[PDB]
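Subsequent text provides structure tokens for two forms of one protein chain, presented individually as structure 1 and structure 2.
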Structure 1
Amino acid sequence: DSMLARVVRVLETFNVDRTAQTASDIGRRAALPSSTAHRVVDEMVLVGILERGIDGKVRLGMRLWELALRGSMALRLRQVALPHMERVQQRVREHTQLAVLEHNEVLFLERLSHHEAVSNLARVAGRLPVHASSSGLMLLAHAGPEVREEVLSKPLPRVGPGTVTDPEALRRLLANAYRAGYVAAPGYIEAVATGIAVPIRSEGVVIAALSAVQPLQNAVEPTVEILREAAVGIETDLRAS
């Protein structure tokens, strides 16, 4: 019922696949009374958190984008990583992405895509499951015993045809990934794709996963070597900043 709580619920009705809503539809999805929903949306429009387009629909505001991103930890990490990720992207010509753990899910901070690339379900400011993605497996492999036990104790849905949902197999995959310095996950998210992930370290701690998404049929090792090179470059720049 507090204004802040209602404002967060309005923001939560938007998503990766939902850019434009009527203020009525916002009220329904946010469980606000119609009268209240228009008042909250109108106030949020006036301060620029939301915008009305020329089509009259409500969208996340440029002003919100600006205030949320400027000087943010997400932007600072993205700026250090991006030059190296572009060099990966030049060579592999599929997808290059950067992910962190956020409340036991994968959150993507960056995604570069080539024009006719394989399908890719990772979205900037979107999520995928920890157990099912190369990014998640690499991050979970470097998380604490507590976090490993916590994620592996929850119901693990099948995402793609290759998803491993057995806790015992997952522990062994995490062990392999820990030793190898990479994990490939053929078809764990989609039938068409392999995700390949390496760790990004800062002050001896894994803070992110750098990955490629490429066709499942493509060679893994050449992409592993490109990702490892890029990772060293990012770790060098993190040290220097």
Structure 2
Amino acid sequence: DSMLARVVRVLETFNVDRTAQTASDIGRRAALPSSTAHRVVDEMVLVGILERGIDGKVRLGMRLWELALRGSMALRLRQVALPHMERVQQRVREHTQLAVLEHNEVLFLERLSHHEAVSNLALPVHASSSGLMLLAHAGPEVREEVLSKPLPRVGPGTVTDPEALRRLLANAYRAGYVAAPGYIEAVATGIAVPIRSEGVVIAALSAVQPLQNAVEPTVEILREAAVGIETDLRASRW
């Protein structure tokens, strides 16, 4: 294998219950020849991805942690959200999504799709339930800043009258959800709720399901999941 693939295999011999190892134990646990193992370990120690600890064994290095922390804002949210999204999938059996607002555009970070989903997945801020929910919680400037500019009816059901949007956004803000019938397919609706962290809306959790399906049960499931994401983000320490 490439150097990098071997490095990853070495890293995957470590776990929360196995902090410190010898290079030989690494070799066995990664199924790497002893001499390859020692060489790969030594290169990893040189660049600080591993460190040689107080006990003579190697352990994961501070530099790996520091490097990973450079993406913590998106990566930690994604990693914490995913178990809650799985739970949503088990109950709804359609599609669940996680989204954030980045440079006044909606960036979808994760989507799950159930093999039995009836609805189908397919973008500007006004053209998804997620974007609408996020827009509803953005600053007053960002609302105006986006409403003045172009609002194409991107799908069949896409609301794009500046004044229809103000009422839609204001209701979403009060109610803690927004629905978006026919925004992607006329036969499908999108439902989004906010995810809070430290008092601010940082993301939106959404479902796509058939238009005819009841909306309120999905709002409840998404809320519960959004509450769980917040709890785990807030309570987690590492």
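Here, a residue number simply tells you its place in the sequence of structure 1, counted from 1. Take the two forms, find the largest set of C-alpha atoms that superpose within 1.5 Å, and that set is the rigid core.
**Student:** Assigning every C-alpha to the better-fitting rigid part between structure 1 and structure 2, would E66 and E150 get the same assignment?
**Tutor:** Different rigid parts: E66 and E150 travel as separate units between structure 1 and structure 2.
**Student:** What is the rotation of the smaller rigid part with respect to the larger, given in whole degrees, between structure 1 and structure 2?
**Tutor:** Domain rotation angle between structure 1 and structure 2: 113 degrees.
**Student:** Give the C-alpha shift of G71 between structure 1 and structure 2, in Å, after superposing the two forms on their rigid core.
**Tutor:** Its C-alpha moves by 4.9 Å once the cores are overlaid.
**Student:** Can you give the C-alpha shift of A117 between structure 1 and structure 2 in Å, rounded to one decimal, after superposing the rigid core?
**Tutor:** A shift of 2.0 Å.
**Student:** How much does the C-alpha of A20 move between structure 1 and structure 2, in Å, given a rigid core overlay?
**Tutor:** Here the C-alpha difference is 41.2 Å.
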